[PDB]
Amino acid sequence: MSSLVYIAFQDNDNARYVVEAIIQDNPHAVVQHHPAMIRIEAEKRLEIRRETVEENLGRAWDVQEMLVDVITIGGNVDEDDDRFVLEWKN
Numbered sequence: 183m184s185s186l187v188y189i190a191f192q193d194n195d196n197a198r199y200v201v202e203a204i205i206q207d208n209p210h211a212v213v214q215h216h217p218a219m220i221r222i223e224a225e226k227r228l229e230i231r232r233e234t235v236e237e238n239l240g241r242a243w244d245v246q247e248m249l250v251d252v253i254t255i256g257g258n259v260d261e262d263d264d265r266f267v268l269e270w271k272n
């Protein structure tokens, strides 16, 4: 009842509020920023396999598009050999 994470993103000006109505739809999603970007928070840990690192690999040529909008997830990022996992982590 404490370990929490957080993910954020900064799209244009409307698409953002849209995702805001979705997270609010759930009576658990948290909120942090509003005007500038839209951050998020969770309460536990996260885990991802190398399969995802494979997608970003073929999509690593989108950094320019990642510049305009902002991105954030969980909070930290622990990686072992090829797999990738991240939980609350302050």
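In the numbering used here, the protein residues as written are 183 to 272.
Where a beta carbon is used, it is the ideal one built from N, C-alpha and C, also for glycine.
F266 and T234: beta carbons closer than 8 Å?
Yes. Within cutoff.
Can at least three beta-carbon pairs, one atom from the region 194-203 and one from the region 230-248, be found at a separation below 8 Å?
Because the criterion of three Cβ pairs below 8 Å is not met, the region 194-203 and the region 230-248 do not touch.
Along the chain, where does the alpha helix (DSSP H) that runs through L239 open and close?
232-240
Classify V187: buried if its beta carbon has 16 or more other beta carbons within 10 angstroms, exposed otherwise.
buried
Using C-beta distances below 6 Å, list every residue in its chain close to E225, excluding the 5 sequence neighbours before and after it, in chain order.
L186
Between the beta-carbon of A211 and the beta-carbon of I220, is there less than 8 Å?
no
Mind checking which residues open and close the alpha helix (DSSP H) that includes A218?
Counting along the chain, no alpha helix (DSSP H) covers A218, and no H or E run does either.
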